[PDB]
$ cat start_34.pdb   # PDB, N, CA and C atoms
MODEL        1
ATOM      1  N   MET A   1     288.006  92.331  85.479
ATOM      2  CA  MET A   1     286.943  93.255  85.853
ATOM      3  C   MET A   1     286.115  93.568  84.643
ATOM      4  N   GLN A   2     284.901  93.079  84.614
ATOM      5  CA  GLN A   2     284.042  93.295  83.475
ATOM      6  C   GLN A   2     282.657  93.668  83.898
ATOM      7  N   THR A   3     282.155  94.693  83.290
ATOM      8  CA  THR A   3     280.830  95.157  83.526
ATOM      9  C   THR A   3     279.927  94.336  82.639
ATOM     10  N   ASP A   4     278.771  94.015  83.120
ATOM     11  CA  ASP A   4     277.845  93.273  82.307
ATOM     12  C   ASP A   4     277.193  94.266  81.362
ATOM     13  N   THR A   5     276.880  93.873  80.182
ATOM     14  CA  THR A   5     276.251  94.774  79.256
ATOM     15  C   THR A   5     275.189  94.042  78.454
ATOM     16  N   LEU A   6     274.147  94.759  78.066
ATOM     17  CA  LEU A   6     273.086  94.200  77.321
ATOM     18  C   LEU A   6     273.420  94.025  75.834
ATOM     19  N   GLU A   7     272.411  94.011  74.996
ATOM     20  CA  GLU A   7     272.504  93.627  73.612
ATOM     21  C   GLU A   7     273.327  94.639  72.844
ATOM     22  N   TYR A   8     273.311  95.838  73.383
ATOM     23  CA  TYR A   8     273.954  97.026  72.897
ATOM     24  C   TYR A   8     273.709  97.397  71.428
ATOM     25  N   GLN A   9     272.808  96.697  70.760
ATOM     26  CA  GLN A   9     272.553  96.872  69.356
ATOM     27  C   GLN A   9     271.193  96.405  69.050
ATOM     28  N   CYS A  10     270.294  97.248  69.287
ATOM     29  CA  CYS A  10     268.920  96.974  69.018
ATOM     30  C   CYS A  10     268.599  97.644  67.692
ATOM     31  N   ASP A  11     267.422  97.420  67.153
ATOM     32  CA  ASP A  11     267.046  98.001  65.852
ATOM     33  C   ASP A  11     267.069  99.513  65.887
ATOM     34  N   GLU A  12     266.500 100.059  66.921
ATOM     35  CA  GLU A  12     266.313 101.487  67.009
ATOM     36  C   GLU A  12     267.447 102.183  67.711
ATOM     37  N   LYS A  13     267.972 101.561  68.718
ATOM     38  CA  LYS A  13     268.875 102.239  69.625
ATOM     39  C   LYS A  13     269.931 101.265  70.059
ATOM     40  N   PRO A  14     271.069 101.732  70.524
ATOM     41  CA  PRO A  14     272.032 100.863  71.107
ATOM     42  C   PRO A  14     271.751 100.708  72.620
ATOM     43  N   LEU A  15     271.621  99.492  73.084
ATOM     44  CA  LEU A  15     271.269  99.266  74.457
ATOM     45  C   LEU A  15     272.498  98.888  75.215
ATOM     46  N   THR A  16     273.345  99.820  75.364
ATOM     47  CA  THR A  16     274.560  99.554  75.994
ATOM     48  C   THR A  16     274.447  99.919  77.466
ATOM     49  N   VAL A  17     274.108  98.942  78.240
ATOM     50  CA  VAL A  17     273.878  99.110  79.646
ATOM     51  C   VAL A  17     275.072  98.647  80.400
ATOM     52  N   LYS A  18     275.448  99.371  81.400
ATOM     53  CA  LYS A  18     276.513  98.944  82.230
ATOM     54  C   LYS A  18     275.899  98.307  83.410
ATOM     55  N   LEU A  19     275.631  97.053  83.281
ATOM     56  CA  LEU A  19     275.140  96.297  84.361
ATOM     57  C   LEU A  19     276.244  96.114  85.305
ATOM     58  N   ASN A  20     276.081  96.678  86.411
ATOM     59  CA  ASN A  20     277.042  96.527  87.459
ATOM     60  C   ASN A  20     276.866  95.097  87.931
ATOM     61  N   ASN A  21     277.950  94.384  88.181
ATOM     62  CA  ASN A  21     277.877  92.931  88.475
ATOM     63  C   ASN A  21     276.845  92.538  89.571
ATOM     64  N   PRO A  22     276.834  93.205  90.772
ATOM     65  CA  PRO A  22     275.762  93.013  91.794
ATOM     66  C   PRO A  22     274.355  93.378  91.275
ATOM     67  N   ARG A  23     274.307  94.048  90.112
ATOM     68  CA  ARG A  23     273.059  94.463  89.434
ATOM     69  C   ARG A  23     272.244  95.419  90.245
ATOM     70  N   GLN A  24     272.950  96.172  91.010
ATOM     71  CA  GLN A  24     272.408  97.198  91.822
ATOM     72  C   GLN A  24     272.247  98.475  90.997
ATOM     73  N   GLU A  25     272.921  98.518  89.849
ATOM     74  CA  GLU A  25     273.032  99.754  89.104
ATOM     75  C   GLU A  25     273.287  99.483  87.630
ATOM     76  N   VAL A  26     272.822 100.393  86.810
ATOM     77  CA  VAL A  26     273.061 100.399  85.384
ATOM     78  C   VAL A  26     273.507 101.772  84.960
ATOM     79  N   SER A  27     274.539 101.830  84.206
ATOM     80  CA  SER A  27     274.901 103.051  83.606
ATOM     81  C   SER A  27     274.447 102.940  82.180
ATOM     82  N   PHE A  28     273.508 103.736  81.855
ATOM     83  CA  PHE A  28     272.787 103.610  80.648
ATOM     84  C   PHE A  28     272.932 104.819  79.766
ATOM     85  N   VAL A  29     272.851 104.541  78.528
ATOM     86  CA  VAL A  29     273.073 105.428  77.467
ATOM     87  C   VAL A  29     271.788 106.169  77.055
ATOM     88  N   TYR A  30     271.836 107.439  77.265
ATOM     89  CA  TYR A  30     270.768 108.394  76.905
ATOM     90  C   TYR A  30     270.719 108.520  75.391
ATOM     91  N   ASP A  31     271.898 108.504  74.804
ATOM     92  CA  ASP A  31     272.107 108.640  73.369
ATOM     93  C   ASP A  31     273.579 108.416  73.112
ATOM     94  N   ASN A  32     274.404 109.235  73.750
ATOM     95  CA  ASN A  32     275.857 109.058  73.704
ATOM     96  C   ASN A  32     276.495 109.466  75.024
ATOM     97  N   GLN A  33     275.684 109.596  76.043
ATOM     98  CA  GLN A  33     276.135 110.010  77.328
ATOM     99  C   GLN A  33     275.540 109.043  78.279
ATOM    100  N   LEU A  34     276.148 108.877  79.386
ATOM    101  CA  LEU A  34     275.736 107.854  80.267
ATOM    102  C   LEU A  34     275.140 108.416  81.547
ATOM    103  N   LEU A  35     274.029 107.875  81.941
ATOM    104  CA  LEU A  35     273.424 108.189  83.228
ATOM    105  C   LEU A  35     273.498 106.964  84.088
ATOM    106  N   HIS A  36     273.112 107.082  85.320
ATOM    107  CA  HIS A  36     273.151 105.941  86.214
ATOM    108  C   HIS A  36     271.828 105.732  86.918
ATOM    109  N   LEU A  37     271.246 104.602  86.649
ATOM    110  CA  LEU A  37     269.960 104.236  87.173
ATOM    111  C   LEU A  37     270.170 103.089  88.076
ATOM    112  N   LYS A  38     269.355 102.957  89.055
ATOM    113  CA  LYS A  38     269.550 101.898  89.965
ATOM    114  C   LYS A  38     268.293 101.171  90.266
ATOM    115  N   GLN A  39     268.459  99.956  90.687
ATOM    116  CA  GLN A  39     267.379  99.089  90.976
ATOM    117  C   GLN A  39     266.853  99.372  92.350
ATOM    118  N   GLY A  40     265.609  99.677  92.378
ATOM    119  CA  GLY A  40     264.933  99.953  93.603
ATOM    120  C   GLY A  40     263.923  98.895  93.906
ATOM    121  N   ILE A  41     262.718  99.296  94.203
ATOM    122  CA  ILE A  41     261.676  98.346  94.518
ATOM    123  C   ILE A  41     261.050  97.880  93.225
ATOM    124  N   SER A  42     261.336  96.681  92.849
ATOM    125  CA  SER A  42     260.842  96.153  91.627
ATOM    126  C   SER A  42     259.567  95.338  91.857
ATOM    127  N   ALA A  43     258.649  95.431  90.919
ATOM    128  CA  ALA A  43     257.427  94.711  90.964
ATOM    129  C   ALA A  43     257.057  94.185  89.579
ATOM    130  N   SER A  44     257.205  95.026  88.577
ATOM    131  CA  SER A  44     256.879  94.652  87.213
ATOM    132  C   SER A  44     258.066  93.948  86.533
ATOM    133  N   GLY A  45     259.196  93.943  87.190
ATOM    134  CA  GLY A  45     260.397  93.369  86.639
ATOM    135  C   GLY A  45     261.547  93.676  87.539
ATOM    136  N   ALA A  46     262.473  94.404  87.023
ATOM    137  CA  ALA A  46     263.610  94.861  87.714
ATOM    138  C   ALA A  46     263.731  96.251  87.251
ATOM    139  N   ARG A  47     263.586  97.170  88.121
ATOM    140  CA  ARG A  47     263.525  98.494  87.668
ATOM    141  C   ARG A  47     264.754  99.261  88.071
ATOM    142  N   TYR A  48     265.413  99.778  87.110
ATOM    143  CA  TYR A  48     266.547 100.607  87.290
ATOM    144  C   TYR A  48     266.104 101.978  86.910
ATOM    145  N   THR A  49     265.989 102.837  87.841
ATOM    146  CA  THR A  49     265.479 104.138  87.533
ATOM    147  C   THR A  49     266.312 105.190  88.201
ATOM    148  N   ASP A  50     266.472 106.284  87.517
ATOM    149  CA  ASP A  50     267.167 107.417  88.061
ATOM    150  C   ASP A  50     266.223 108.588  88.193
ATOM    151  N   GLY A  51     265.492 108.834  87.139
ATOM    152  CA  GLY A  51     264.600 109.957  87.086
ATOM    153  C   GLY A  51     264.567 110.481  85.691
ATOM    154  N   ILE A  52     265.736 110.449  85.052
ATOM    155  CA  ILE A  52     265.894 110.859  83.668
ATOM    156  C   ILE A  52     265.000 109.970  82.836
ATOM    157  N   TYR A  53     265.171 108.695  83.018
ATOM    158  CA  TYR A  53     264.309 107.716  82.453
ATOM    159  C   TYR A  53     264.080 106.648  83.485
ATOM    160  N   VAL A  54     263.123 105.840  83.217
ATOM    161  CA  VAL A  54     262.737 104.727  84.029
ATOM    162  C   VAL A  54     263.063 103.476  83.228
ATOM    163  N   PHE A  55     264.042 102.730  83.652
ATOM    164  CA  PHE A  55     264.454 101.558  82.904
ATOM    165  C   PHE A  55     263.817 100.340  83.522
ATOM    166  N   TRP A  56     263.177  99.575  82.713
ATOM    167  CA  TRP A  56     262.495  98.427  83.142
ATOM    168  C   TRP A  56     263.045  97.229  82.437
ATOM    169  N   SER A  57     263.543  96.376  83.221
ATOM    170  CA  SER A  57     264.119  95.169  82.786
ATOM    171  C   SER A  57     263.175  94.076  83.185
ATOM    172  N   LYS A  58     262.712  93.331  82.242
ATOM    173  CA  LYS A  58     261.857  92.228  82.558
ATOM    174  C   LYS A  58     262.722  90.985  82.836
ATOM    175  N   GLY A  59     263.984  91.093  82.464
ATOM    176  CA  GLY A  59     264.926  90.009  82.599
ATOM    177  C   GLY A  59     265.570  89.734  81.273
ATOM    178  N   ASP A  60     264.737  89.601  80.276
ATOM    179  CA  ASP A  60     265.183  89.392  78.912
ATOM    180  C   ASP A  60     264.694  90.506  78.030
ATOM    181  N   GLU A  61     263.794  91.299  78.531
ATOM    182  CA  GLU A  61     263.287  92.405  77.781
ATOM    183  C   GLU A  61     263.704  93.637  78.475
ATOM    184  N   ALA A  62     264.143  94.581  77.736
ATOM    185  CA  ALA A  62     264.591  95.783  78.293
ATOM    186  C   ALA A  62     263.914  96.916  77.599
ATOM    187  N   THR A  63     263.277  97.712  78.360
ATOM    188  CA  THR A  63     262.613  98.877  77.867
ATOM    189  C   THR A  63     262.933 100.030  78.836
ATOM    190  N   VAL A  64     262.740 101.242  78.409
ATOM    191  CA  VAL A  64     263.081 102.391  79.202
ATOM    192  C   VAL A  64     262.235 103.591  78.798
ATOM    193  N   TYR A  65     261.401 103.980  79.709
ATOM    194  CA  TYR A  65     260.345 104.907  79.468
ATOM    195  C   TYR A  65     260.206 105.935  80.580
ATOM    196  N   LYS A  66     260.420 107.176  80.246
ATOM    197  CA  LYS A  66     260.005 108.235  81.061
ATOM    198  C   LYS A  66     258.622 108.460  80.560
ATOM    199  N   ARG A  67     257.786 108.916  81.364
ATOM    200  CA  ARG A  67     256.440 109.160  80.971
ATOM    201  C   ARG A  67     256.366 110.527  80.350
ATOM    202  N   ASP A  68     256.892 110.515  79.173
ATOM    203  CA  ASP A  68     256.982 111.617  78.215
ATOM    204  C   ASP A  68     257.942 111.221  77.123
ATOM    205  N   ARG A  69     258.929 110.430  77.491
ATOM    206  CA  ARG A  69     259.965 110.070  76.569
ATOM    207  C   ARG A  69     260.531 108.681  76.846
ATOM    208  N   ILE A  70     260.164 107.791  76.008
ATOM    209  CA  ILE A  70     260.697 106.468  75.930
ATOM    210  C   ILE A  70     261.825 106.535  74.960
ATOM    211  N   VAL A  71     262.877 105.911  75.296
ATOM    212  CA  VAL A  71     264.033 105.884  74.427
ATOM    213  C   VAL A  71     264.221 104.531  73.815
ATOM    214  N   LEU A  72     263.731 103.517  74.487
ATOM    215  CA  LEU A  72     263.805 102.137  73.985
ATOM    216  C   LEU A  72     262.609 101.405  74.489
ATOM    217  N   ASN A  73     261.974 100.636  73.644
ATOM    218  CA  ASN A  73     260.768  99.919  74.054
ATOM    219  C   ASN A  73     260.746  98.526  73.504
ATOM    220  N   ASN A  74     261.826  98.132  72.949
ATOM    221  CA  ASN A  74     261.921  96.864  72.293
ATOM    222  C   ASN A  74     263.345  96.465  72.120
ATOM    223  N   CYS A  75     263.817  95.832  73.122
ATOM    224  CA  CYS A  75     265.087  95.199  73.130
ATOM    225  C   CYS A  75     264.895  93.945  73.876
ATOM    226  N   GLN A  76     265.303  92.874  73.304
ATOM    227  CA  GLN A  76     265.110  91.606  73.898
ATOM    228  C   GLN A  76     266.399  90.953  73.878
ATOM    229  N   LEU A  77     266.959  91.007  75.008
ATOM    230  CA  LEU A  77     268.323  90.762  75.257
ATOM    231  C   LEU A  77     268.777  89.403  74.792
ATOM    232  N   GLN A  78     269.914  89.376  74.107
ATOM    233  CA  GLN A  78     270.488  88.115  73.720
ATOM    234  C   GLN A  78     270.915  87.401  75.007
ATOM    235  N   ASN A  79     271.722  88.106  75.810
ATOM    236  CA  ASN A  79     272.163  87.702  77.125
ATOM    237  C   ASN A  79     273.190  88.730  77.465
ATOM    238  N   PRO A  80     273.357  89.138  78.714
ATOM    239  CA  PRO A  80     274.426  90.024  79.031
ATOM    240  C   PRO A  80     275.747  89.243  79.128
ATOM    241  N   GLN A  81     276.658  89.707  79.956
ATOM    242  CA  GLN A  81     277.899  89.033  80.180
ATOM    243  C   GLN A  81     277.600  87.685  80.802
ATOM    244  N   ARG A  82     276.615  87.705  81.637
ATOM    245  CA  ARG A  82     276.139  86.548  82.362
ATOM    246  C   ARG A  82     274.641  86.568  82.451
TER     247      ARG A  82
ENDMDL
END
$ encode --input "start_34.pdb" --output "structure tokens"
Amino acid sequence: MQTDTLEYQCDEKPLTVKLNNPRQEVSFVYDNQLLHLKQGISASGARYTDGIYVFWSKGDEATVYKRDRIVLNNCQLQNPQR
């Protein structure tokens, strides 16, 4: 049983995403606490959003922006678990 996870080590922030295997959900790190964002209607990529932040996964690029507070805007994923 393994959760998929992103690069988890970006220049600015650790992008430790808990990619749920069906990729229906991400448990994402605010800083040192985890929230849960989920993929809804994606158009610009794959959007995992909860409300706290809006996580946008382009597939290989991962950014996460609330429209007031972006926490990560430059992570380009090596590859997750898969």
$ resolve_selection --input "start_34.pdb" --expression "the PyMOL selection byres (((chain A and resi 3-16 and name CA) around 9) and name CA)" --output "CSV table (one decimal) with N, CA and C atoms, in the coordinates of the input"
chain,number,residue,atom,x,y,z
A,1,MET,N,288.0,92.3,85.5
A,1,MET,CA,286.9,93.3,85.9
A,1,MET,C,286.1,93.6,84.6
A,2,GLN,N,284.9,93.1,84.6
A,2,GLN,CA,284.0,93.3,83.5
A,2,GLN,C,282.7,93.7,83.9
A,17,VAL,N,274.1,98.9,78.2
A,17,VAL,CA,273.9,99.1,79.6
A,17,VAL,C,275.1,98.6,80.4
A,18,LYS,N,275.4,99.4,81.4
A,18,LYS,CA,276.5,98.9,82.2
A,18,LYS,C,275.9,98.3,83.4
A,19,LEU,N,275.6,97.1,83.3
A,19,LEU,CA,275.1,96.3,84.4
A,19,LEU,C,276.2,96.1,85.3
A,20,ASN,N,276.1,96.7,86.4
A,20,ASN,CA,277.0,96.5,87.5
A,20,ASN,C,276.9,95.1,87.9
A,21,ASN,N,278.0,94.4,88.2
A,21,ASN,CA,277.9,92.9,88.5
A,21,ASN,C,276.8,92.5,89.6
A,23,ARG,N,274.3,94.0,90.1
A,23,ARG,CA,273.1,94.5,89.4
A,23,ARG,C,272.2,95.4,90.2
A,26,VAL,N,272.8,100.4,86.8
A,26,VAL,CA,273.1,100.4,85.4
A,26,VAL,C,273.5,101.8,85.0
A,27,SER,N,274.5,101.8,84.2
A,27,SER,CA,274.9,103.1,83.6
A,27,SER,C,274.4,102.9,82.2
A,28,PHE,N,273.5,103.7,81.9
A,28,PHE,CA,272.8,103.6,80.6
A,28,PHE,C,272.9,104.8,79.8
A,29,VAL,N,272.9,104.5,78.5
A,29,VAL,CA,273.1,105.4,77.5
A,29,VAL,C,271.8,106.2,77.1
A,31,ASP,N,271.9,108.5,74.8
A,31,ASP,CA,272.1,108.6,73.4
A,31,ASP,C,273.6,108.4,73.1
A,62,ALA,N,264.1,94.6,77.7
A,62,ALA,CA,264.6,95.8,78.3
A,62,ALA,C,263.9,96.9,77.6
A,71,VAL,N,262.9,105.9,75.3
A,71,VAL,CA,264.0,105.9,74.4
A,71,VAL,C,264.2,104.5,73.8
A,72,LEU,N,263.7,103.5,74.5
A,72,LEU,CA,263.8,102.1,74.0
A,72,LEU,C,262.6,101.4,74.5
A,74,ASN,N,261.8,98.1,72.9
A,74,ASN,CA,261.9,96.9,72.3
A,74,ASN,C,263.3,96.5,72.1
A,75,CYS,N,263.8,95.8,73.1
A,75,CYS,CA,265.1,95.2,73.1
A,75,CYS,C,264.9,93.9,73.9
A,76,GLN,N,265.3,92.9,73.3
A,76,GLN,CA,265.1,91.6,73.9
A,76,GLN,C,266.4,91.0,73.9
A,77,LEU,N,267.0,91.0,75.0
A,77,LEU,CA,268.3,90.8,75.3
A,77,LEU,C,268.8,89.4,74.8
A,78,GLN,N,269.9,89.4,74.1
A,78,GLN,CA,270.5,88.1,73.7
A,78,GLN,C,270.9,87.4,75.0
A,79,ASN,N,271.7,88.1,75.8
A,79,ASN,CA,272.2,87.7,77.1
A,79,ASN,C,273.2,88.7,77.5
A,80,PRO,N,273.4,89.1,78.7
A,80,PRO,CA,274.4,90.0,79.0
A,80,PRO,C,275.7,89.2,79.1
A,81,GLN,N,276.7,89.7,80.0
A,81,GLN,CA,277.9,89.0,80.2
A,81,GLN,C,277.6,87.7,80.8
A,82,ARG,N,276.6,87.7,81.6
A,82,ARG,CA,276.1,86.5,82.4
A,82,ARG,C,274.6,86.6,82.5
$ resolve_selection --input "start_34.pdb" --expression "the PyMOL selection byres (((chain A and resi 63-67 and name CA) around 9) and name CA)" --output "VMD selection string"
chain A and resid 48 to 49 51 to 58 61 to 62 68 to 76
$ atom_distance --input "start_34.pdb" --atom1 "atom C of residue A:41" --atom2 "atom C of residue A:59"
15.2 Å
$ resolve_selection --input "start_34.pdb" --expression "the PyMOL selection byres ((chain A and resi 38) around 6.5)" --output "MDAnalysis selection string"
chainID A and resid 24:26 36:37 39:40 47:50
$ atom_distance --input "start_34.pdb" --atom1 "atom C of residue A:22" --atom2 "atom C of residue A:35"
15.4 Å
$ atom_distance --input "start_34.pdb" --atom1 "atom N of residue A:60" --atom2 "atom CA of residue A:45"
8.6 Å
$ axis_aligned_box --input "start_34.pdb" --around "stretch 31-43 of chain A" --padding-each-side "8 Å" --output "JSON"
{"center_x": 266.8, "center_y": 102.1, "center_z": 83.8, "size_x": 35.4, "size_y": 31.8, "size_z": 37.4}
$ select_by_dssp --input "start_34.pdb" --residues "chain A" --states "strand (DSSP E)" --output "PyMOL selection string"
chain A and resi 18-19+25-29+34-39+46-49+54-57+61-65+70-76
